[PDB]
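Student: Have a look at this one before I ask anything.
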Amino acid sequence: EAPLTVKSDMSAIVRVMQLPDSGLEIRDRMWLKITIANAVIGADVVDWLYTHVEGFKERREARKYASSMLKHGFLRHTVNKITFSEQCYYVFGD
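Quick note on PDB author numbering: the sequence shown kicks off at 12 and runs consecutively.
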């Protein structure tokens, strides 16, 4: 299992996914049948956590961690501030 589980340093989690050798990779993705130079959103961030590592009960606990990861401010959305969603392709933040 990945070097994480679920309670790993939120900042450490986002950092991992960012790593070009994590599995998710945040820089290039596909959506709507197009190609973007920076996409992932909580949706992908999740599929990764669960994929790369694990520890969450189910899709619930999983989505719970991802959301908590975004709120922390480790992710950037296109809304008022952040407010997780996992629907509108987003990009890490800082």
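Even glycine gets a Cβ: it sits at the ideal position worked out from N, Cα and C.
Given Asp39, which residues of its chain have a CB within under 8 Å of its CB, disregarding the five upstream and five downstream residues?
Tutor: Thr46, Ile47, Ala48, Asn49, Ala50
Student: Can you tell me whether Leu35 is buried or exposed? The criterion is at least 16 other CB atoms within 10 Å of its CB, across all chains shown.
Tutor: buried
Student: State the beta-bridge partners of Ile52 as determined by DSSP.
Tutor: According to DSSP, which records beta bridges pairwise, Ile52 is partnered with nothing at all.
Student: Reducing DSSP to helix, strand and coil, say where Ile93 ends up.
Tutor: coil
Student: Does the region 84-92 come close enough to the region 57-72 to have 3 or more Cβ pairs within less than 8 Å?
Tutor: Because the criterion of three Cβ pairs below 8 Å is not met, the region 84-92 and the region 57-72 do not touch.
Student: Here's a check: name, in chain order, each residue in its chain whose Cβ is nearer than 6 Å to the Cβ of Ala54, leaving out the five neighbours to either side.
Tutor: Exclusion of the five residues before and after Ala54 leaves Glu97 as the residues of its chain whose Cβ lies within less than 6 Å of its Cβ.
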